[PDB]
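*Asks:* Take a look and give me a structure for this.
(2 chains, ligands or ions: 2)
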Protein chains: 2
Amino acid sequence: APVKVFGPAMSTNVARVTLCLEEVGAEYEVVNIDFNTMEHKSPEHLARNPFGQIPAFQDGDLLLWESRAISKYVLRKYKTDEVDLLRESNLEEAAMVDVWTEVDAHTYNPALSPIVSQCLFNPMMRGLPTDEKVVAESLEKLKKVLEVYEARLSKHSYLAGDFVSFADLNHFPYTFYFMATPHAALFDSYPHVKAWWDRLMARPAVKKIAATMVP
Amino acid sequence: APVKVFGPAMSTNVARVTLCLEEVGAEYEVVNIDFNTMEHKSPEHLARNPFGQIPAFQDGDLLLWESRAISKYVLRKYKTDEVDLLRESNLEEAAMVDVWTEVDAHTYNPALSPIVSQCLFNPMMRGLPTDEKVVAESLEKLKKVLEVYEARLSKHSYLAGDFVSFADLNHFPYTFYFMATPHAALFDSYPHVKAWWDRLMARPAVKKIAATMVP
Ligand SMILES: N[C@@H](CCC(=O)N[C@@H](CS)C(=O)NCC(=O)O)C(=O)O
Ligand SMILES: N[C@@H](CCC(=O)N[C@@H](CS)C(=O)NCC(=O)O)C(=O)O
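*Replies:* Residues are numbered from 1 along each chain as shown, chains lettered A, B, ... in the order given. Ligands and ions are numbered 1, 2, ... in the order given. You can find the structure just below:
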């Protein structure tokens, strides 16, 4: 059997999961879920995710939610010697995958996402005005985060060490949409961070998932 | 050598780390960091965490930050057959540790923390007024989250299955402080969730870390 990813393909936390499936060479199917008719809150979907949110995943009789959990089960399940992206076979490396995965979720995303969810995902999706207050602020916040990212990505090819990893792939979905805003040119001031970004956009798995993220 | 946890012991993300050390039987030391004199932003501390936040950890020459990453490196490092709390030896079990760990960070904590950080951690720590708006709202939000927790903890002794796990321990630190507010009696309406809470408070490792969380 293939395994099943439930949500719209456009969606960032879907793309986390789909990218991980592409990277690892997995048979998979994407089942839409129609926000506009509350399918995410429908009882079918609540049996996948009791909290009524996308994505959900099913591998036969196993039902998972929370894109990061899904992603890790996919990364351990289809692991090869050729494609170890969580590095659990090395403790110290596995730690620096955890750190930078956690940095994305707790530092970077909370400073980047609100600019995406204001320039792009507010008028084009929800038809809601853009808050210059929240934007100017997360933009200042993100310049300082990219200061730390620059330092790191000047010492290492990737966030976790000198190997692509789950830490890096996590950063792709929301950054992809960042790069569709006027603010994308921000990375031009962070040339190490930029080179690392251009590296990720060069991978056959990313080129593919990128193709799935349009209106 | 022992390993080193940097921040105040009172702090929730310190306690995540310290609890995990106690559970697993590890030699460790807690090095205070004095918020009041900006030690968390001092250059010594920035060499641990470049983002200037607690906790940080050092195991000899390894420097980690982000309590969840720290916690997992501690849980893999000191793992016994007697104390497997991430269950990486079982995929399906490891997935349901990831899910409920992610639920804490993305559903539960964001609905609980703002009541803690308003009734307790605002006037007693920052000397800041309590926002009835934000409280009433996260309280309604949390009642519905505890609906899902009740369902689950009526089917299973613990969040991940019929075994204590990293998912459960994650929920301890902020819930501990929840239980010091007027709102603690909320759990009385969620008797399964309550029994699971009383179970966690009964473990020798939790009784110990609880002792460290006072003014
Ligand atoms: N932490 C989750 C994020 C889930 C999420 O962002 N949920 C959104 C996706 S657009 C949603 O379905 N929100 C609708 C709602 O809960 O009302 C993950 O890692 O997948
Ligand atoms: N996601 C982090 C949370 C870190 C955190 O909450 N930082 C606080 C701890 S009280 C802090 O030091 N804030 C000060 C600042 O960054 O200005 C973890 O898992 O440890």
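
*Asks:* buried residues in the longest helix anywhere in chain A?
*Replies:* Ranked by residue count under DSSP state H, the longest helix found in chain A is helix A:132-155. Within helix A:132-155, the residues that qualify as buried are A:135, A:138, A:141-142, A:145-146, A:148-150, A:152-153, counting by 16 or more other C-beta atoms under 10 Å in any protein chain shown. Any C-beta I mention is one placed from the backbone N, CA and C, and that applies to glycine too.

*Asks:* Ok, stretch A:117-125 next?
*Replies:* So, applying 16+ other C-beta under 10 Å, buried residues of stretch A:117-125: A:117-122.

*Asks:* Distance check, the residue of chain A found nearest ligand 2 against residue A:138.
*Replies:* Nearest residue of chain A to ligand 2 (C-beta to the nearest ligand atom) works out as residue A:106 at 3.7 Å. As judged by C-beta to C-beta, to the nearest Å, residue A:106 and residue A:138 stand 14 Å apart.

*Asks:* what do you get for residue A:100?
*Replies:* 20 Å.

*Asks:* How about residue A:181?
*Replies:* Taking C-beta to C-beta, one finds residue A:181 at 12 Å from residue A:138.

*Asks:* which stretches of chain A form helices?
*Replies:* A:12-24, A:43-46, A:67-77, A:91-103, A:109-119, A:132-155, A:166-169, A:172-178, A:191-200, A:204-211.

*Asks:* Can I get those in JSON lines including distance to ligand 2?
*Replies:* Listed next are the helices of chain A as JSON lines, based on distance: least, C-beta to the nearest ligand atom, whole Å:
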{"stretch": "helix A:12-24", "distance to ligand 2": "18"}
{"stretch": "helix A:43-46", "distance to ligand 2": "29"}
{"stretch": "helix A:67-77", "distance to ligand 2": "14"}
{"stretch": "helix A:91-103", "distance to ligand 2": "6"}
{"stretch": "helix A:109-119", "distance to ligand 2": "10"}
{"stretch": "helix A:132-155", "distance to ligand 2": "11"}
{"stretch": "helix A:166-169", "distance to ligand 2": "15"}
{"stretch": "helix A:172-178", "distance to ligand 2": "17"}
{"stretch": "helix A:191-200", "distance to ligand 2": "21"}
{"stretch": "helix A:204-211", "distance to ligand 2": "26"}
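
*Asks:* Quickly list the domain ranges of chain A.
*Replies:* What automatic domain parsing lists as the domains of chain A is A:3-77, A:91-209.

*Asks:* looking at these, which is buried most?
*Replies:* Among these, ranked by average contacts under mean count of other C-beta atoms under 10 Å in any protein chain shown, first place goes to domain A:3-77 (a mean of 19).

*Asks:* What distance do you get for the residue in chain A sticking out farthest from the centre to ligand 1?
*Replies:* The outermost residue of chain A relative to its centre, with distances by C-alpha atoms, centre = their mean, is residue A:43 at 26.7 Å. Distance, residue A:43 to ligand 1, by C-beta to the nearest ligand atom, to the nearest Å: 15 Å.

*Asks:* picking up where we left off before, what's the overlap in contacts for residue A:181 and residue A:138?
*Replies:* Common contacts of residue A:181 and residue A:138 (C-beta atoms under 8 Å, 6 or more residues apart in numbering or on different chains): residue A:115.

*Asks:* interface residues of chain A facing chain B?
*Replies:* A:50-51, A:62, A:64-66, A:68-69, A:72-73, A:76-77, A:88, A:91-92, A:94-95, A:98-99, A:101-103, A:105-107, A:145, A:148, A:151-152 (C-beta under 8 Å from any C-beta of the partner chain).

*Asks:* Show me the beta-bridge partners of residue A:28.
*Replies:* Beta bridges link residue A:28 to residue A:3 when assigned by DSSP bridges.

*Asks:* Can you tell me how far the nearest residue to residue A:104 once chain neighbours are set aside is from residue B:49?
*Replies:* What sits nearest to residue A:104 in space, not counting adjacent residues and going by C-beta to C-beta, 6 or more residues apart in numbering or on different chains, is residue A:170, at 4.4 Å. Distance from residue A:170 to residue B:49, counting by C-beta to C-beta: 19 Å.

*Asks:* Could you do residue A:7 as well?
*Replies:* From residue A:7 to residue B:49 the distance is 34 Å (C-beta to C-beta).

*Asks:* now residue A:100
*Replies:* Residue A:100 sits 13 Å away from residue B:49, going by C-beta to C-beta.

*Asks:* With residue A:141 instead?
*Replies:* Per C-beta to C-beta, residue A:141 is found 16 Å from residue B:49.

*Asks:* Surely residue A:9 is in contact with residue A:17?
*Replies:* No: with contact defined as C-beta atoms under 8 Å, residue A:9 does not reach residue A:17; the gap is 10.4 Å.

*Asks:* The nearest residue to residue A:206 once chain neighbours are set aside and residue A:173, how far apart?
*Replies:* Once flanking residues are discounted, residue A:206 sits nearest to residue A:200: 5.5 Å by C-beta to C-beta, 6+ apart. In this view, residue A:200 and residue A:173 are 11 Å apart by C-beta to C-beta.

*Asks:* Now the residue of chain A closest to ligand 2. Nearest residue, chain neighbours left out?
*Replies:* residue B:66 (6.5 Å).

*Asks:* so what's that neighbour up against?
*Replies:* Residues near residue B:66 by C-beta under 8 Å, 6+ apart: A:98-99, A:102-103, A:106.

*Asks:* for residue A:79, same thing?
*Replies:* Going by C-beta under 8 Å, 6+ apart, the list of residues near residue A:79 reads A:24, A:85-86.

*Asks:* do the same with residue A:134
*Replies:* A:114, A:118.

*Asks:* picking up where we left off before, you'd agree the residue nearest to residue A:104 is up against residue A:101?
*Replies:* Yes: Residue A:170 sits in contact with residue A:101 when judged by C-beta under 8 Å, with a separation of 5.5 Å.
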